[PDB]
A.B. asks: 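Quick one: structure below, then a few questions.
Chain letters run A, B, ... following the sequence lines, proteins first and then strands; every chain starts at 1.
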Amino acid sequence: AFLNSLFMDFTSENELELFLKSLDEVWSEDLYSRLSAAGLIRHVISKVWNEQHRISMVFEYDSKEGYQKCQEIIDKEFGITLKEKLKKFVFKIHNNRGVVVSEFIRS
Amino acid sequence: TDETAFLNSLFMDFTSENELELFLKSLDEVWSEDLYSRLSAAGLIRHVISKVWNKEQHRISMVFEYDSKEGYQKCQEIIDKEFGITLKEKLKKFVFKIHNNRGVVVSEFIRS
């Protein structure tokens, strides 16, 4: 129903790599338990081959209320809870929030 | 459960909303279940098309997920053989640049 296709751009490859090797601390099991129960269907994190030190994150929600409930959780998670923990990384976020027009899913 | 190894999170920006709406209304001509059946056998796991809510742009996002990068390339071959001069010329009516973002999946969470 809803999907945020987000990109995180870092100032260096070393920053990107430390972040990727530190994922279980940022996107913890506890956080996923909460987001899961609030509407989160999937979350994929991938590298982006490039000039750019870019990370792609695609989030899929079962509804908009799902998206919003999870976003609040996420907004608080990084904007407040992990704020001081994430200052070691300088990065820029590009969000792409949208309603799903069509979807294909293999058997 | 299909694990995604390779992914493209691409986006397209149009010079007008009417053009975006027309492009959306022409996707069923492209992404037929017939084509999807053959691409899915070649490694396409998932394909999601979305209308981005952004007041500054007229944007469409697409996320293609593959079981492997080899699957991605076989799917590119299939797409090449699927369309020709008729699509080529339909796309000449539009103006947008595709922003691709391809790479290896590092982490995947799927619910339950």
A.B. asks: I'd like to know if the side chain of A/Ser22 reaches the main chain of A/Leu18, judged simply by a donor and an acceptor atom lying under 3.5 Å from each other, with no hydrogens or angles considered.
C.D. replies: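 At least one qualifying donor-acceptor pair exists.
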
A.B. asks: Do you know the tightest heavy-atom contact between B/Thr15 and B/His58?
C.D. replies: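 Looking at all heavy atoms of both residues, the closest pair is C-CD2, 3.9 Å.
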
A.B. asks: How long is the gap from CG on A/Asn50 to CG on B/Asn101, to the nearest 0.5 Å?
C.D. replies: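 Here the interatomic distance stands at 8.0 Å.
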
A.B. asks: Measuring from A/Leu20:CG to A/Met8:CE, what's the distance to the nearest 0.5 Å?
C.D. replies: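 Interatomic distance, A/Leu20 CG to A/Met8 CE, rounded to 0.5 Å: 9.0 Å.
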
A.B. asks: With the threshold set at 4.0 Å, does a side-chain nitrogen-carboxylate oxygen contact exist between A/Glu13 and A/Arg54?
C.D. replies: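 No, A/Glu13 and A/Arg54 are not salt-bridged.
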
A.B. asks: Side chains of A/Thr81 and A/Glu77: any donor to acceptor distance under 3.5 Å?
C.D. replies: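 Short answer, no.
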
A.B. asks: Enter the distance from B/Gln76:CD to B/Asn8:CG here, rounded to the nearest 0.5 Å.
C.D. replies: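 So the CD of B/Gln76 and the CG of B/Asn8 are separated by 8.0 Å.
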
A.B. asks: Going by an N to O cut-off under 4.0 Å, is there a salt bridge joining B/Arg46 and A/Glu60?
C.D. replies: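 Yes, B/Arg46 and A/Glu60 are salt-bridged.
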
A.B. asks: Of all the heavy-atom pairs spanning B/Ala42 and B/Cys75, show the shortest one and how long it is.
C.D. replies: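 B/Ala42 and B/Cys75 have their closest heavy atoms at CB-SG, 3.8 Å.
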
A.B. asks: Any heavy-atom pair between the side chains of B/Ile60 and B/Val52 that's under 4.5 Å?
C.D. replies: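 Of all side-chain heavy-atom pairs linking B/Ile60 with B/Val52, none is under 4.5 Å.
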
A.B. asks: Sequence neighbours excluded, which residues qualify as ring-ring contact (aromatic ring centres under 6.0 Å, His included) partners of B/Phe11?
C.D. replies: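 B/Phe11 satisfies ring-ring contact (aromatic ring centres under 6.0 Å, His included) with B/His99 only.
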
A.B. asks: Any salt bridge linking A/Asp62 with B/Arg111? Criterion: basic side-chain nitrogen under 4.0 Å from a carboxylate oxygen.
C.D. replies: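 Result for this pair is yes, salt bridge flagged.
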
A.B. asks: I need the minimum non-hydrogen distance between A/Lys83 and A/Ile80, along with the two atoms involved.
C.D. replies: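 Between these two residues, the closest heavy atoms are CB-O, 3.4 Å.
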
A.B. asks: Can you find a heavy atom in the side chain of B/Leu35 that is under 4.5 Å from one in the side chain of A/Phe104?
C.D. replies: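 SC-SC contact between B/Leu35 and A/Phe104 ruled out.
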
A.B. asks: Go through A/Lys21 and B/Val106 one step at a time and tell me if the side chain to side chain contact (heavy atoms under 4.5 Å, CB included) criterion holds.
C.D. replies: CA-CA 10 Å; A/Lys21 295 179 194 297; B/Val106 186; over 6 Å; no

A.B. asks: Roughly how far apart are A/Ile45 CD1 and B/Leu7 CG, rounded to 0.5 Å?
C.D. replies: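 One gets 11.5 Å once the value is rounded to the nearest 0.5 Å.
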
A.B. asks: Using 4.0 Å as the upper bound for N to carboxylate O, is an ion pair formed by B/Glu29 and B/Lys90?
C.D. replies: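 B/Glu29 and B/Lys90: salt-bridged.
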
A.B. asks: Do you know which two heavy atoms are closest between A/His53 and A/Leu16, and how far apart they sit?
C.D. replies: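 Closest approach of A/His53 to A/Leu16, heavy atoms only: C-CD1, 3.4 Å.
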
A.B. asks: Is there a path from B/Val48 to A/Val44 through hydrophobic residues (I, L, V, M, F, W, Y) whose side chains come within less than 4.5 Å of each other?
C.D. replies: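 Cluster IDs for B/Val48 and A/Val44 match.
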
A.B. asks: Give me the ring orientation class for A/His43 and A/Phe59: parallel if the planes are under 30° apart, tilted from 30 to 60°, perpendicular past 60°.
C.D. replies: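 The arrangement is parallel - the two ring planes meet at less than 30°.
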
A.B. asks: Rounded at 0.5 Å granularity, tell me how far CD in B/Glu3 sits from OG in B/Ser68.
C.D. replies: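 Between B/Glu3 CD and B/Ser68 OG, I get 11.5 Å after rounding to 0.5 Å.
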
A.B. asks: Does B/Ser61 form a side-chain hydrogen bond (donor to acceptor under 3.5 Å, both in side chains) with B/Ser50? I'd like the steps, not just the answer.
C.D. replies: CA-CA 5 Å; B/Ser61 63; B/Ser50 157; 3.3 Å; yes

A.B. asks: Around atom CD of A/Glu17, are there more than 12 heavy atoms of other residues, nucleotides or ligands at under 6.0 Å?
C.D. replies: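 Yes, the 6.0 Å shell around CD holds more than 12 heavy atoms from other groups.
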
A.B. asks: If you round to the nearest 0.5 Å, how far is CG of B/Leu91 from CZ of B/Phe96?
C.D. replies: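 Going from CZ on B/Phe96 over to CG on B/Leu91, the span is 5.5 Å.
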
A.B. asks: Work out which heavy atom in B/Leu44 is nearest to a heavy atom in B/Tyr66; give both atom names and the distance.
C.D. replies: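 In terms of heavy atoms, the two residues are closest at CD1-CE2, 3.6 Å.
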
A.B. asks: Do the side chains of B/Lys92 and B/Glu89 get close enough for a salt bridge, i.e. N-O under 4.0 angstrom?
C.D. replies: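 Yes, charged N to carboxylate O under 4.0 Å.
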
A.B. asks: If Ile, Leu, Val, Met, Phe, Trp and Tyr residues are connected whenever their side-chain heavy atoms lie under 4.5 Å apart, and connections chain through other members, are B/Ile45 and B/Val104 in the same group?
C.D. replies: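 The answer is no; the residues belong to distinct hydrophobic clusters.
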
A.B. asks: Over 60° means perpendicular and under 30° means parallel, so tell me whether B/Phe23 and B/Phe14 are parallel, tilted or perpendicular.
C.D. replies: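 B/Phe23 vs B/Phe14 ring planes: tilted.
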
A.B. asks: Quick one, B/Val63 and A/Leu3 - any side-chain contact, counting heavy atoms below 4.5 Å?
C.D. replies: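 Yes. Closest side-chain heavy atoms under 4.5 Å.
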
A.B. asks: Just by distance, with hydrogens left out, do B/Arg102 and B/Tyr72 show a side-chain donor and acceptor under 3.5 Å apart?
C.D. replies: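 The answer is yes; a qualifying pair exists.
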
A.B. asks: Under 4.5 Å between any side-chain heavy atoms of B/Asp13 and B/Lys97, yes or no?
C.D. replies: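 When only atoms from C-beta onward are counted, B/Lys97 and B/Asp13 do not touch, as no gap falls below 4.5 Å.
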
A.B. asks: Clusters formed by hydrophobic residues whose side-chain heavy atoms approach within less than 4.5 Å: which one holds A/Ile105, and what are its other members?
C.D. replies: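 Under the 4.5 Å side-chain rule, A/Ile105 groups with nothing.
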
